[PDB]
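Engineer:
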Amino acid sequence: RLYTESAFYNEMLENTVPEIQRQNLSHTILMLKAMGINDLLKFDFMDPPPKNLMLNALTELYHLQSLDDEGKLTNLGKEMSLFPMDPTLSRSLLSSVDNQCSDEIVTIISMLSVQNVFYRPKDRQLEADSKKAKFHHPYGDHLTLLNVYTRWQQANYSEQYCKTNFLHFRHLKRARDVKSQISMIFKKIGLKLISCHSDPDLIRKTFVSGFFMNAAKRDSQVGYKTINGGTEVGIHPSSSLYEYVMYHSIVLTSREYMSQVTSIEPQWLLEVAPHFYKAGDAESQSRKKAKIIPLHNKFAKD
Amino acid sequence: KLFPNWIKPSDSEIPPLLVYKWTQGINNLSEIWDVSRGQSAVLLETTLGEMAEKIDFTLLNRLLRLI
Amino acid sequence: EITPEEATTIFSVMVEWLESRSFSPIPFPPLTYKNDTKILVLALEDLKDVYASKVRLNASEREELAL
Amino acid sequence: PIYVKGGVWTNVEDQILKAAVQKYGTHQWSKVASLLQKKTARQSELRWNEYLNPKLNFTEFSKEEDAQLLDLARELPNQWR
Amino acid sequence: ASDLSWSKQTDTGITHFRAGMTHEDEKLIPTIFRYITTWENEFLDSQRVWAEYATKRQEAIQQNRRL
RNA sequence: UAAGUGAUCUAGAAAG
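Residue numbers (the numbering used here), protein chains in the order written: chain A, 91 to 392; chain B, 4 to 70; chain C, 681 to 747; chain D, 8 to 88; chain E, 494 to 560.
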């Protein structure tokens, strides 16, 4: 042990920690509400989470419309609780028939339920990046996920095709099995499964519909600024964009990044989530609040 | 695209650069140097004297109200 | 100095020109712009360019700087 | 405290300026400015020209005068000087 | 300093060099003109380097990298 | 039938 006996006996914590103190509680609150727990603060956990984590997750569920402002389940929150899913993904997926691209969204969701399928060896970056560019949709990492899965299921597939295109077969195989299991639930609950002849706007609108709080805007000083909390963030290296994006993931290292990014028209953000993109909710008038004000005025009303 | 290419000073090119470009243009005209078939070139430099110094505001105003 | 006929002719010409261009006019600038701030920053910079060199400044100059 | 000049014309200040003008005349605007601790030379001169000079007038315009005005507007577009 | 009376009529090849800014104990002070890239060179050069840039930009696009 | 001859201004004192 590369530390003292005293450090072992006195300075190391006994246990990590239980999983409850290391989570977001968005799924946990929706489960507790569906179980009939009104008072979440006084739920008898063996180790209670920080109260702020519970409060933030109640606020997110109210924005998603799963709870009301008095903290009770809506029809949407009751239907959401029937799915064994994150809420943003489940909500994007349920609504996807209304936007005529349920088949594509069922693919995108299954791909987002597995790890990054693109292999990039440290000494073989250029060949790996070139193979990824076969499937890459510019300004559309979520569409890139649709394209790889569609190729992976193509008749033109061969035994070692995943190795020769720098793709992780285990993750794509898992995404297939997830897609089939998801599709069986769509059939069981009457969702309607549908698609469009040709439309990336609908896929983007569906993705916005779940992930409208995980949005960021291009800005001169910060690179990108998040809609929630006003965080300075870069695009994570894995993506180079050709002014608004939705992100799947916030990556914290020595700098803040956002990873797995798809461009979105910000009119669609106002249309799909008008309660959240209410300009009153934005403090003062920083870059985001300022850019939302022209979009409402100069690019929408007139 | 208000101001057409032909207006010089504002082009984002340096006055010597501008001059050079002009020269190039002159050269690159199709069969410009021929003197065979009575071909005759003329270059006309002139200054628009008091171009700003007699702009009437009335007319100017109306003109601007176009743009 | 301008004969009204001349003015009319001029107007006709300019109108004809923009007609040929499909030149949409410049609006009165609202609160819409993403560039607004950027635009402002240019003008200020330009103005500052006068004042960065000369350290001793007049009253008017001082006022301008303050602004 | 030293500072950049401007502000608003208090009546006393205006009176002082008038007095100065009587004294030093309409082309020594520096001196008059100096006499006013708040207001500049340029400011002062402008004020004199615009508001304070008695050979101006602020009486209302007759109907004929109104006509003349609006006609001028129609004909000279916003060249208000 | 070529033949002033002839030079007025036609351009001469420079024949006679006058001494400009002279001095006793003449250490050959270099001019400034030699240390500034003469415009034509600058412009041909510009054309080259910008062409190169263009080509590499295309390469970057093809390769999908930041140049 | 294939090199280098030569033209070389100034110039410091007072008071402001």
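For each residue, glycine too, the CB sits at the ideal point set by N, CA and C.
Quick one: is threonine 178(A) buried, meaning 16 or more other Cβ sit within 10 Å of its Cβ, or exposed?
Structural biologist: If you number the first sequence from 1, residue 178(A) lands on position 88. Classification for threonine 178(A): buried.
Engineer: Looking at the structure shown, is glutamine 205(A) part of a helix, part of a strand, or coil, going by DSSP?
Structural biologist: In the first sequence, residue 205(A) corresponds to position 115, counting from 1. Three-state DSSP puts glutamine 205(A) in coil, outside helix and strand.
Engineer: In chain order, what residues of the same chain have a beta carbon less than 7 Å from the beta carbon of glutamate 333(A), not counting five sequence neighbours either side?
Structural biologist: Position 243 of the first sequence, counted from the first residue, corresponds to residue 333(A). The answer, listed in chain order, is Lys307, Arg308.
Engineer: Between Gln205(A), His365(A), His386(A), which lies nearest to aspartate 158(A) when the distance is taken from Cα to Cα?
Structural biologist: One-based indexing of the first sequence puts residue 158(A) at position 68. Minimum Cα distance to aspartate 158(A) is reached at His365(A).
Engineer: In angstroms, rounded to a whole number, what distance separates the CA positions of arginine 742(C) and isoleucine 9(D)?
Structural biologist: Residue numbering aside, residue 742(C) sits at position 62 when the third sequence is read from its first letter. Residue numbering aside, residue 9(D) sits at position 2 when the fourth sequence is read from its first letter. Near 12 Å, if we compare the C-alpha coordinates of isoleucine 9(D) and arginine 742(C).
Engineer: Of all the CB atoms in chain E, is at least one closer than 8 Å to the CB of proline 19(B)?
Structural biologist: Start at 1 with the first residue of the second sequence, and residue 19(B) comes out as number 16. It does; some Cβ of chain E falls within 8 Å.
Engineer: Is any beta-carbon of chain D found at less than 8 Å from that of residue 89(B)?
Structural biologist: Lying outside 4 to 70, the shown extent of chain B, residue 89(B) is not represented and no answer is given.
Engineer: Say whether chain E places a C-beta atom closer than 8 Å to the C-beta of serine 330(A).
Structural biologist: Reading the first sequence from its first residue, position 240 is the one you call residue 330(A). So yes, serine 330(A) belongs to the interface.
Engineer: Answer with buried or exposed for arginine 511(E), where buried requires no fewer than 16 other C-beta atoms within 10 angstroms of its C-beta.
Structural biologist: The residue you call residue 511(E) lines up with position 18 of the fifth sequence. Exposed is the call here.
Engineer: For a test of the three-state rule: what should DSSP assign to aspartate 176(A), helix, strand or coil?
Structural biologist: Position 86 of the first sequence, counting from 1, holds the residue named residue 176(A). Three-state result, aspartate 176(A): coil.
Engineer: Compare the C-beta of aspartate 137(A) against all C-beta atoms of chain E and say whether one is closer than 8 Å.
Structural biologist: The count along the first sequence starts at 1 and reaches residue 137(A) at position 47. No, its Cβ sits nowhere closer than 8 Å to a Cβ of chain E.
Engineer: When the distance is taken between beta carbons, is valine 335(A) closer than 8 Å to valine 323(A)?
Structural biologist: Within the first sequence, numbered from 1, the residue matching residue 323(A) stands at position 233. Within the first sequence, numbered from 1, the residue matching residue 335(A) stands at position 245. No, the Cβ-Cβ distance between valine 323(A) and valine 335(A) is not below 8 Å.
Engineer: For chain C, check one thing: does any of its Cβ atoms lie closer than 8 Å to the Cβ of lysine 12(D)?
Structural biologist: For this step, residue 12(D) is matched to residue 5 along the fourth sequence. For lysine 12(D), the answer is yes, since a Cβ of chain C falls inside 8 Å of its Cβ.
Engineer: Just to make sure I have the definition right: I need the residues of chain A whose C-beta is within less than 9 Å of the C-beta of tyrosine 731(C). Which are they?
Structural biologist: Here residue 731(C) is taken as the residue at index 51 of the third sequence, counted from 1. Under the 9 Å cutoff, chain A gives no residues; its nearest Cβ is about 25 Å from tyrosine 731(C).
Engineer: Locate the alpha helix (DSSP H) running through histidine 261(A), then write down its first and last residues.
Structural biologist: Walking along the first sequence from the start, residue 261(A) turns up at place 171. That run of the alpha helix (DSSP H) goes 259 to 278.
Engineer: Roughly how many angstroms lie between the CA atoms of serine 186(A) and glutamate 169(A), to the nearest whole one?
Structural biologist: Numbered from its first residue, the first sequence carries residue 186(A) at position 96. Numbered from its first residue, the first sequence carries residue 169(A) at position 79. For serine 186(A) and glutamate 169(A), the distance between alpha carbons rounds to 15 Å.
Engineer: Quick check on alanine 739(C) - is its C-beta less than 8 Å from some C-beta in chain D?
Structural biologist: In the third sequence, counting from the first residue as 1, residue 739(C) sits at position 59. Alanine 739(C) counts as touching chain D.
Engineer: Within the region 297 to 371 of chain A, note down every full alpha helix (DSSP H) run reaching 4 residues or more, in order along the chain.
Structural biologist: Complete alpha helix (DSSP H) runs here, min 4: 356 to 362.
Engineer: To which residues does DSSP link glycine 230(A) through a beta bridge?
Structural biologist: Within the first sequence, the letter at position 140 stands for residue 230(A). BP columns for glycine 230(A) point to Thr352(A).
Engineer: Is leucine 727(C) near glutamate 744(C), with beta carbons less than 8 Å apart?
Structural biologist: The residue labelled residue 727(C) in the question sits at position 47 within the third sequence. The residue labelled residue 744(C) in the question sits at position 64 within the third sequence. A contact, by the Cβ cut-off of 8 Å.
Engineer: Return the chain-ordered list of same chain residues with a C-beta closer than 6 Å to the C-beta of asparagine 255(A), the five sequence neighbours on each side being excluded.
Structural biologist: By one-based count along the first sequence, residue 255(A) stands at place 165. If we look at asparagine 255(A) and ignore the five residues flanking it on each side, its Cβ neighbours are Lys221.
Engineer: Taking only three categories from DSSP, how would you classify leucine 47(B)?
Structural biologist: Numbered from 1 along the second sequence, position 44 holds the residue referred to as residue 47(B). Three-state DSSP puts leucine 47(B) in coil, outside helix and strand.
Engineer: Using a Cβ cut-off of 8 Å (strictly closer), state whether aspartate 213(A) contacts chain E.
Structural biologist: Locating residue 213(A) in the first sequence gives position 123, counting from the first residue. No, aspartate 213(A) lies away from the interface with chain E (no Cβ there is under 8 Å from its Cβ).
Engineer: Please state whether the Cβ-Cβ distance between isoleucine 284(A) and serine 200(A) is less than 8 Å.
Structural biologist: By 1-based counting over the first sequence, the position of residue 284(A) is 194. By 1-based counting over the first sequence, the position of residue 200(A) is 110. No, Cβ-Cβ distance for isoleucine 284(A) and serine 200(A) is not below 8 Å.
Engineer: Tell me whether the beta-carbon of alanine 147(A) lies closer than 8 Å to the beta-carbon of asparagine 100(A).
Structural biologist: On the first sequence, position 57 is the one that residue 147(A) refers to. On the first sequence, position 10 is the one that residue 100(A) refers to. No; because the gap between Cβ atoms is not below 8 Å, this pair is not in contact.
Engineer: Suppose you measure from the CA of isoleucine 340(A) to the CA of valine 542(E); what does that come to, to the nearest Å?
Structural biologist: The residue you call residue 340(A) lines up with position 250 of the first sequence. The residue you call residue 542(E) lines up with position 49 of the fifth sequence. Distance between the alpha carbons of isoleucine 340(A) and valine 542(E) is about 41 Å.
Engineer: Ignore the nearest five residues each way along the sequence and tell me which others in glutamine 243(A)'s own chain have a CB closer than 6 Å to its CB.
Structural biologist: The sequence position of residue 243(A) within the first sequence is 153, counting from 1. So no residue of the chain qualifies.
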